[PDB]
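Here's a solo chain for you in C-alpha cells, the form deposited in one PDB entry.
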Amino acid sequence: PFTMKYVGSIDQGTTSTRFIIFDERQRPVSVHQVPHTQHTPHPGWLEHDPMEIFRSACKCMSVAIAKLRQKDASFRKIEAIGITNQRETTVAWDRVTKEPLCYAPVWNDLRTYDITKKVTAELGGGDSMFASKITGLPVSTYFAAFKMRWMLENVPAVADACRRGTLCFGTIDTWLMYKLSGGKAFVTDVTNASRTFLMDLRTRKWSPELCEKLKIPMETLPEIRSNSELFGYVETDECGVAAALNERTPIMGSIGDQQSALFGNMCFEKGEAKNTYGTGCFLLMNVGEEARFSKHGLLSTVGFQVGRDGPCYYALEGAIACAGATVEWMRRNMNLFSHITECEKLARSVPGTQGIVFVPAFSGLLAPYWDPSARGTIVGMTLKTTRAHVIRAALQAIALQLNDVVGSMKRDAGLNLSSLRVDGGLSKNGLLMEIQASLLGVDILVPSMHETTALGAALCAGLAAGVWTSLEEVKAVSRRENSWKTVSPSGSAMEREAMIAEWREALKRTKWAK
C-alpha cells in the first residue's frame, strides 16, 4: 500500500528489442535495448533469427530488472508483462523441439511477391480486395498468410513438419509468448491476428474459408484473445529471466506495435488518431465499436480490445514509405546538411519552396494512391533554388501525403479527425508539426514521454492486473504525470489549397519505374 508497483513492457521492434519497466505514474523507470541482425539474403528480402529475438528479449528483461532494483531495493516484483511487436513478421517452429524451423521473413520482405500473384489470380479472381471485407486488407506482400505459404512451399523442414503434425506458425507476439512460457502457451491477440490475412475482422475469429482456401492447416494457428487478459506466465530461464523476476510473472498484455502506440497515446475515442514518424509513417485513427472499410485502398484493422469480450475498437490505417528516411537520405546520400538540427534550421531559413515540389517517393506511393511506379522527384527548380528550399519541400511533402491519407480516412469512416498525437523522432521537427497542423487543421499533441508504443502494452497488462482500474484512471494519471507540447493550426484556406493544387500537379510527374 506504500510500495510502488511496476509493469514490464517487451517492445520487439524491426531493428531491436527493448524492455521498459513502467511504474504507476506511467513513467519508464528502467530500460534496456538489444539489437538483432537484419539478414538480407537476396535484394528485397529481410529475415530475422527468431532465437536471436527471444534472447534479446530475455537479456533486456534481466538487465532492466537489475537496474531497477538498484533504484528501488524494496521492489520484489513486477505486476505483469505486456508485449508489443513488429507485426506480420512470421515465425515457423516445431511443436516438440521448441526450435524455429527457419528464419522469420519480416513485414517488408518481398519474397512472397510471386505467391501474392498466384493468390490474387487463382482465388480473388484477380481481385486483391476480394477477401477484404473478411480481413480488412488488400492482398499484399506484408501479411502473414502469404509468408506462411512461402515457407510451406519453399522450406524443406517446414513442409516436413506440417505433415508430421508438429508445425506452429506465429507472429512475434505468439513466438515470444510461446518461448517465454516454456512452450506452454500458443496465443495471439486480436490486433496481431488482424494482420495474418486469416482472421475475420467483425468476429475476431479465424476464417476456415481462408485457411483452407490458402492451404494452411488450422492446426498451425494459435488461439486468439483480447489485448488485455491472462495469456500465460513467464517460466523460461533464458538469461536468468525467471530468477530476475523473483516471483512468477503473468504475461497479461499483447498488442501490435502500431496499435500499442494508438493505445499508449490515449486514442480511446473515435476520431482520435496518431501518426508515428520513423523511417516511414503509420497513421491510425480510432473509428469506433464498428469496423469500417476503405474505398481508397487503406487498411481496416482492430485498434484494441480490452478484456475477453470487452468492447472492441476498430481503426483505419495508412502509411507513407519514406519519412525519416527522406530526412536521412538528404543528409547521408546528398550532403545537404550534417547535424540533425540543421534540417529544421535550413528549412526555416526560407519563407517557402517558391515554385518547387519534391515528391520523396523513393520506393513508390502507398496510402490512397498505390503506385509502385512512382520514384523520387523534384520539379520547378531555377538557379534561385537552394538546399534550404529542397529540405523545406521534403517536409511539406510528408505533411501533404498525410493530408491525403487523412482526407481518405475521413471519408472512408465518415468522421472528423478530432486531434492527432504524434511520435517518432521526426516529431521533434517543429516546422514539420506546424505544417502538418495547418494542412489537417487540427491540434497536434507531441508527448514528452516518448515511450508511448511501449506504454500501450504496459497499459494492457496493468489494466488486467489492476495497477490501473479504468481508461479514466489511465487518462487521469497521464494528465498529471506526462506533459505534452501542443501545436495548433495557423494557415489560410487559399494557401492550403495552393499548396495542394501545386502538389497534385507534381504527383502527375512522378511515374517512372517500369
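One rule holds for the numbers: they count along the sequence shown, beginning at 1.
Quick note: we don't show the form deposited with a small molecule bound, though the next part is all about it.
From the candidate stretches 216-224, 317-325, 303-311, 374-382, select the single one in contact with the small molecule in the deposited complex, where contact means a heavy atom within 4.5 Å. In short, 317-325.
In the deposited complex, the residue from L101, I398, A131, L299 that sits within 4.5 Å of the small molecule by heavy atoms: It is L299 that has a heavy atom within 4.5 Å of the partner.
One residue of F358, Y178, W150, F143 in contact with the small molecule, assessed in the deposited complex (non-hydrogen atom, 4.5 angstroms): None of the others qualify; the residue that does is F143.
Exercise: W370 in contact with the small molecule in the deposited complex, heavy atom 4.5 Å: So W370 counts as contacting the small molecule.
If we define contact as a non-hydrogen atom of the residue within 4.5 angstroms of the partner, is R392 a contact of the small molecule in the deposited complex? No, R392 stays farther than 4.5 Å from the small molecule in the deposited complex.
Examine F282 and determine whether its closest non-hydrogen atom to the small molecule in the deposited complex is within 4.5 angstroms. Close contact exists here: in the deposited complex, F282 approaches the small molecule to within 4.5 Å, heavy atoms only.
So in the deposited complex, is the small molecule close enough to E88 to count as touching (4.5 Å, heavy atoms)? Heavy-atom contact with the small molecule at 4.5 Å: present for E88.
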